[PDB]
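# Coordinates in review
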Amino acid sequence: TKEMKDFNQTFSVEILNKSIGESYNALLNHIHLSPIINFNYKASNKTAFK
Amino acid sequence: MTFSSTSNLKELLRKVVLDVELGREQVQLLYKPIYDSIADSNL
């Protein structure tokens, strides 16, 4: 609300942009790498502790 | 002929309107002598 922008002086638009960028980079990492982590690897690609 | 015959044909006569005040009266600020003013965008 405009009341939030006007009264709450700590609030601004920059916090939203920073959070958007932060979540954006987190999403880049997630979409690119979550296939690696979440794959149900088969016994060929599993190596024990050894 | 007379002017009385042509009176009813109002479209012929030029239109002029009696310049009377219309609408509610202009409103003035009466509070200012009582009140002491402070203006800041960040209140």
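Residues numbered from 1 in each chain as written, not as in the entry; some residues may be left out. Chains lettered and ligands numbered in written order. Part of a larger assembly, values for the part shown. Heavy atoms only, no water.

Looking at the entry header, you'll see cryo-EM listed as the method and 3.74 Å as the resolution.

Summing up its helical and strand segments, chain A has two helices and zero strands in all. The C-alpha atoms of chain A give 21 Å as radius of gyration, which overshoots the globular expectation for 50 residues (10 Å, by more than 25%). C-alpha extents for chain A along the principal axes are approximately 60 × 20 × 15 Å. With 50 residues in all, chain A has 2% of them scored as buried. When the accessible area of chain A is evaluated, it comes to approximately 5200 Å², of which 61% is carbon and sulfur surface. Here chain A carries 6 positive and 4 negative side-chain charges, and the mean point of each set is 24 Å from the other. (Helix = DSSP H or I, 4+ residues; strand = E, 2+ residues; numbered from the N terminus. Rg over C-alpha atoms; globule rule 2.2 N^0.38 Å. Buried < 20%, exposed > 50% of the residue type's maximum accessible area, 1.4 Å probe, protein only. Areas by Shrake-Rupley, 256 points an atom, 1.4 Å probe, with all protein chains shown as cover. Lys, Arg positive; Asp, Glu negative; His and termini not counted. Charge placed at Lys NZ, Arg CZ, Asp CG, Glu CD.)

On to the packing of aromatic side chains. All names here are of chain B. In this structure the tally under the stated criterion is two aromatic pairs over all chains. Seen in terms of ring centroids, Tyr31 and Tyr35 are 6.0 Å apart; in terms of plane orientation they differ by 80°. Their pairing is edge-to-face. By relative accessible area, which is 43% here, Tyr31 ends up partly exposed. Taking relative accessible area as the criterion, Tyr35 reaches 60% and is therefore assigned exposed. (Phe/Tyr/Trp six-rings, centres within 6.5 Å; stacked < 30°, edge-to-face > 60°.)

With that out of the way, let us pick up the side chain of A:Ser34. Tracing the backbone through its elements, the reader meets A:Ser34 in helix 2 (residues 14-38). In this structure A:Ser34 touches A:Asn29 and A:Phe39, once residues within four positions along its chain are discounted. (Contact = heavy atoms within 4.5 Å.)

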